[PDB]
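A.B. asks:
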Amino acid sequence: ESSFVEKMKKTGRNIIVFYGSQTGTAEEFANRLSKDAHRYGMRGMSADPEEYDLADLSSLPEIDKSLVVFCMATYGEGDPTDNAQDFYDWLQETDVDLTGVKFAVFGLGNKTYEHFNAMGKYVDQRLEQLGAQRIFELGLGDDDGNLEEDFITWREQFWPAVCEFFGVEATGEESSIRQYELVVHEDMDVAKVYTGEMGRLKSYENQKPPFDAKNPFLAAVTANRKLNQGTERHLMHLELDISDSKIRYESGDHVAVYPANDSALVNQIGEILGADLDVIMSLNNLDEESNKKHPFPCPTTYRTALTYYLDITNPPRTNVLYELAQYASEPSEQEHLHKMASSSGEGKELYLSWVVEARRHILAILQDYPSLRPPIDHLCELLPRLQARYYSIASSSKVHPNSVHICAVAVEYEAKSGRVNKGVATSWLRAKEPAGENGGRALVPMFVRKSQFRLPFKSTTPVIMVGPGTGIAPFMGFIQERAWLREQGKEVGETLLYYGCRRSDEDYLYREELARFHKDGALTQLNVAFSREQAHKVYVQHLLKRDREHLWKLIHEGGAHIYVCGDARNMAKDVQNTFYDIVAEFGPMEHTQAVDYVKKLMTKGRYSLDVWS
Ligand SMILES: Cc1cc2nc3c(=O)[nH]c(=O)nc-3n(C[C@H](O)[C@H](O)[C@H](O)COP(=O)(O)OP(=O)(O)OC[C@H]3O[C@@H](n4cnc5c(N)ncnc54)[C@H](O)[C@@H]3O)c2cc1C
Ligand SMILES: Cc1cc2nc3c(=O)[nH]c(=O)nc-3n(C[C@H](O)[C@H](O)[C@H](O)COP(=O)(O)O)c2cc1C
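So for the sequence shown, the entry's author numbering puts the first residue at 66; every next one is plus one.
Quick look at the structure:
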């Protein structure tokens with residue numbers, strides 16, 4: 066049962082697509098590949114590599130006309146994902162030989178980091194070295210531009226390749242097989258019906274420790290406020306009560322929240338679809354010998370599925386539109402939906418400029434294409450899961466640990482579709498009234514994630530903190546940690562803040578807080594780079610360059626640690642370049658030597674990054 070080659074033997078399937086997903090994209094890609102395998106006379110399913118050992122690749126060739134496909138991503142400095150760590154270290158430690166096995170590898174990654182599909186290349190090269198056989202070239206899938214484009218091109222070029230390598234036919238077209246079947250329930254008590262729980266049944270009522278991604282803890286929003294004095298952007302501050310929850314964290318860590326989707330969106334989707342949203346149901350996988358029982362845990366109603374378990378806000382993938390094409394009554398709209406999932410042609414640019422660029426969700430695509438009324442169960446089938454959203458902690462463990470803090474920006478923009486598009490978690494927390502009073506709490510589920518973004522072990526070490534926008538939250542955690550250390554008697558070295566904002570009267574975050582921090586000596590020097598008040602634009606890297614004379618001496622003698630967090634599009638790169646210039650000009654040192662010195666700094670942990678984009 067544990068081994069999956071036996072499951073191949075019983076199910077009669079031959080092609081496997083592995084996924085190393087954490088945010089769901091690789092899982093969906095593997096599921097799509099396994100579904101598409103039926104179109105070419107073959108049968109297979111996508112299986113998660115965590116519950117299955119990889120020693121079964123030796124027994125894999127025992128299946129005639131077999132194949133295995135890998136769709137893996139990576140995080141950090143080329144580190145494996147949580148599910149793929151066992152695969153990675155087994156690959157590291159393995160010494161067996163795999164002769165006659167056939168494989169393919171698709172890589173998921175981002176161009177902005179140096180380890181660009183590190184895991185895909187590593188798996189391909191390790192399989193080749195170990196003695197396996199390549200069939201199709203590696204997929205250089207980059208998330209910097211469009212990721213669906215690369216995968217669709219790789220699939221369109223790969224299926225004919227394996228088809229000609231194996232000699233099978235491809236007569237069948239537009240099969241569009243289903244993966245789950247509807248099971249309605251008429252009389253079923255709410256005791257065994259999910260009402261928003263992620264893991265155990267009825268978890269949201271009587272929680273037990275520990276609490277993590279699978280079993281979040283609902284915190285109570287004690288208070289919140291609008292930090293910025295302007296009105297163009299709603300920069301908000303949250304305080305979540307963590308009393309008696311046993312959650313132990315540290316400053317600079319990450320708090321993750323499971324949002325609830327907009328009720329208006331679900332109501333409008335149900336109204337336009339014309340279905341009873343309060344129908345208790347279930348979706349059962351046809352392949353019984355699969356660990357994915359349902360796309361979301363069931364039984365549950367339609368309303369719960371579209372509120373707490375589905376993602377109806379981000380643009381749909383090409384496979385969803387292709388699977389929904391046949392439900393379009395009007396031939397032209399059906400043809401548009403069919404060609405939307407192509408590899409080139411005018412339909413490709415139409416998809417690019419109509420779904421992703423215009424940011425059209427499922428409701429928008431339904432409204433703009435009125436001759437399209439797909440069944441609600443099919444829409445719940447196709448749509449991806451709802452992903453948790455993570456925020457940096459603005460509190461400290463050595464200071465009040467009973468509550469965590471969140472600095473967030475309310476997402477609101479005028480999408481090119483002409484529709485007001487609203488963020489899920491930011492606006493969900495924005496609508497969370499502090500309440501309190503008699504019994505209202507406005508509960509919010511959450512769990513904490515550990516990270517390496519930490520203060521130095523000894524308080525004597527100077528700390529340099531640079532980040533604009535909402536990046537001040539871990540910096541504030543560090544600041545009040547240092548303030549607590551100073552007020553506790555122990556001396557604390559130099560602490561520097563390098564912050565940026567547009568205007569002092571528009572989005573200056575925590576004027577009073579950092580004012581008192583500087584006036585009390587906790588923050589030795591505050592440095593704020595206004596971005597719109599003066600005629601030109603002065604950013605944080607300008608302040609770094611201007612303080613270079615102190616910064617170089619601090620790094621050389623005090624062993625100061627560098628912390629950077631915020632947006633990664635331009636800020637991190639220019640901060641890196643400024644640090645290169647400062648460490649090279651004051652060496653004197655060459656560019657390559659300065660880069661090597663900075664990498665050596667990172668290897669010791671004195672340089673840290675907590676960027677996000
Ligand atoms: C490690 C990590 C740490 C983070 N820390 C923080 C933190 O400390 N504070 C914080 O506020 N957030 C933080 N985030 C971001 C947070 O997790 C969410 O991504 C963010 O709050 C987006 O809002 P949402 O949750 O509603 O997402 P969504 O509703 O998915 O909205 C975001 C989506 O909308 C798009 N979008 C947004 N604005 C526009 C626009 N003007 N034009 C076009 N597209 C647009 C984005 O590209 C993205 O696709 C962090 C993320 C990570 C991964
Ligand atoms: C926190 C974070 C770290 C990442 N690190 C890497 C990386 O080290 N190398 C890389 O190629 N891509 C990296 N990426 C990009 C992801 O690989 C890319 O978004 C991919 O589509 C994610 O696949 P998934 O949805 O299956 O998790 C990172 C993305 C995030 C959010």
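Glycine is no exception: its CB is placed at the ideal position from the N, C-alpha and C atoms.
Using only the alpha-carbon positions, how far apart do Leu203 and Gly185 sit?
C.D. replies: Going from the Cα of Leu203 to the Cα of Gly185 covers about 8 Å.
A.B. asks: Locate the alpha helix (DSSP H) running through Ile337, then write down its first and last residues.
C.D. replies: Element bounds for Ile337: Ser328 to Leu338.
A.B. asks: CB-CB under 6 Å to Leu195, same chain, minus the five flanking residues each way: which ones, in chain order?
C.D. replies: Excluding residues within five positions, the ones whose Cβ falls inside 6 Å are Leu163.
A.B. asks: Determine the burial state of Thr383: buried for a count of at least 16 other Cβ atoms within 10 Å of its Cβ, exposed for fewer.
C.D. replies: Looking at its Cβ environment, which holds 16 or more other Cβ atoms inside 10 Å, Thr383 is buried.
A.B. asks: Measuring CB to CB, does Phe282 end up less than 8 Å from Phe512?
C.D. replies: Yes, the Cβ-Cβ distance between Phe282 and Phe512 is below 8 Å.
A.B. asks: Can you tell me whether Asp207 is helix, strand or coil according to DSSP?
C.D. replies: Here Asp207 sits in strand by DSSP.
A.B. asks: Can you give me the Cβ contacts of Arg104 inside the same chain, cut-off strictly under 6 Å, excluding the 5 residues immediately before and after it?
C.D. replies: Within the same chain, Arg104 has close Cβ partners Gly237 and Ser240.
A.B. asks: Do you know how far the Cα of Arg438 is from the Cα of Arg484?
C.D. replies: Cα-Cα distance, rounded: 21 Å.
A.B. asks: For ligand 2, I want to know if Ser99 counts as a neighbour, meaning its beta carbon is within less than 7 Å of at least one of the ligand's heavy atoms.
C.D. replies: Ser99: no, Cβ never under 7 Å from ligand 2.
A.B. asks: Go through the stretch 442-479 residue by residue and report every complete run of the alpha helix (DSSP H) that reaches 4 residues or more, in order.
C.D. replies: You should have found no qualifying run.
A.B. asks: Using C-beta distances below 7 Å, list every residue in its chain close to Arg97, excluding the 5 sequence neighbours before and after it, in chain order.
C.D. replies: The residues are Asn384.
A.B. asks: Quick check on the burial criterion: 16 or more other C-beta atoms within 10 angstroms. Buried or exposed for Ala183?
C.D. replies: Label assigned to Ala183: buried.
A.B. asks: Please specify which runs of the alpha helix (DSSP H), each continuous and at least 4 residues long, are wholly inside the stretch 362-397, giving them in chain order.
C.D. replies: The qualifying runs are 367-373 and 383-390.
A.B. asks: I think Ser516 touches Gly317, with their Cβ atoms under 8 Å apart; what is that distance to the nearest whole Å?
C.D. replies: Sure, about 7 Å apart at Cβ, within 8 Å.
A.B. asks: Pull up the DSSP beta-bridge partners for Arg290, would you.
C.D. replies: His302, per the DSSP bridge assignment.
A.B. asks: CB-CB under 7 Å to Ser482, same chain, minus the five flanking residues each way: which ones, in chain order?
C.D. replies: These residues qualify, in order along the chain: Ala423, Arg424, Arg425 and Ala429.
A.B. asks: What do you get for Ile242, buried or exposed, if any count of 16 or more other CB atoms within 10 angstroms of its CB means buried?
C.D. replies: Exposed.
A.B. asks: Thinking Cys472 and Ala459 are a contact (beta carbons under 8 Å), I'd like their distance in whole angstroms, please.
C.D. replies: Rounded, the Cβ-Cβ distance is 5 Å, consistent with contact.
A.B. asks: Taking Cβ to Cβ, would you say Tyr245 is nearer than 8 Å to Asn349?
C.D. replies: For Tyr245 and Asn349, yes; Cβs fall inside 8 Å.
A.B. asks: Residues near ligand 2, CB to any non-hydrogen atom under 6 Å, in chain order?
C.D. replies: Here the list is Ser86, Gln87, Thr88, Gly89, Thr90, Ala91, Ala138, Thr139, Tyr140, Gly141, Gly143, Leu173, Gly174, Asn175, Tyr178, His180, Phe181, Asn182, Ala183, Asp208 and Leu212.
A.B. asks: How would you label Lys72, buried or exposed, when you count the other beta carbons within 10 angstroms and need 16 or more for buried?
C.D. replies: Per the 10 Å Cβ criterion, buried.
A.B. asks: Per DSSP, what are the beta-bridge partners of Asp129 in this structure?
C.D. replies: Its beta-bridge partners do not exist; DSSP assigns none.
A.B. asks: For a quick check, are the C-beta atoms of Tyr628 and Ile529 less than 8 Å apart?
C.D. replies: Yes. Within cutoff.
A.B. asks: Can you give the beta carbon distance from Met405 to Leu386, rounded, assuming they're within the 8 Å contact cut?
C.D. replies: The pair is a contact, with the Cβ atoms about 5 Å apart (cut-off 8 Å).
A.B. asks: With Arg611 as the anchor, note down where its alpha helix (DSSP H) starts and where it stops.
C.D. replies: Element bounds for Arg611: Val605 to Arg611.
A.B. asks: Would you kindly check if the distance between the Cβ of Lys487 and the Cβ of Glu502 is under 8 Å?
C.D. replies: No, they are not a contact pair.
A.B. asks: Closer than 7 Å by C-beta to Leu588: which residues in its own chain qualify, once you throw out the five before and the five after it? Chain order, please.
C.D. replies: Cβ within range, chain order: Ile544, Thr560, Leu562, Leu579 and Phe582.
A.B. asks: When we look at the beta-carbon of residue 694 and count the other beta-carbons within 10 Å, is it buried (16 or more) or exposed?
C.D. replies: Residue coverage of the chain in this structure runs from 66 to 678, which leaves residue 694 outside it and unanswerable.
A.B. asks: Going by DSSP, what residue range makes up the alpha helix (DSSP H) through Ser673?
C.D. replies: Careful: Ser673 lies outside any alpha helix (DSSP H), inside the beta strand (DSSP E) at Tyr672 to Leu674.
A.B. asks: For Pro435, is the classification buried or exposed, using 16 other Cβ atoms within 10 angstroms of its Cβ as the cut-off for buried?
C.D. replies: So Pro435 ends up on the exposed side.
A.B. asks: Along the chain, where does the beta strand (DSSP E) containing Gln590 start, and where does it finish?
C.D. replies: Taken as a continuous stretch (DSSP letters only), the beta strand (DSSP E) holding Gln590 covers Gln590 to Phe595.
A.B. asks: Distance check for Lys523 and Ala625, CA to CA, integer angstroms please.
C.D. replies: Using only the alpha carbons, I get a separation of about 11 Å.
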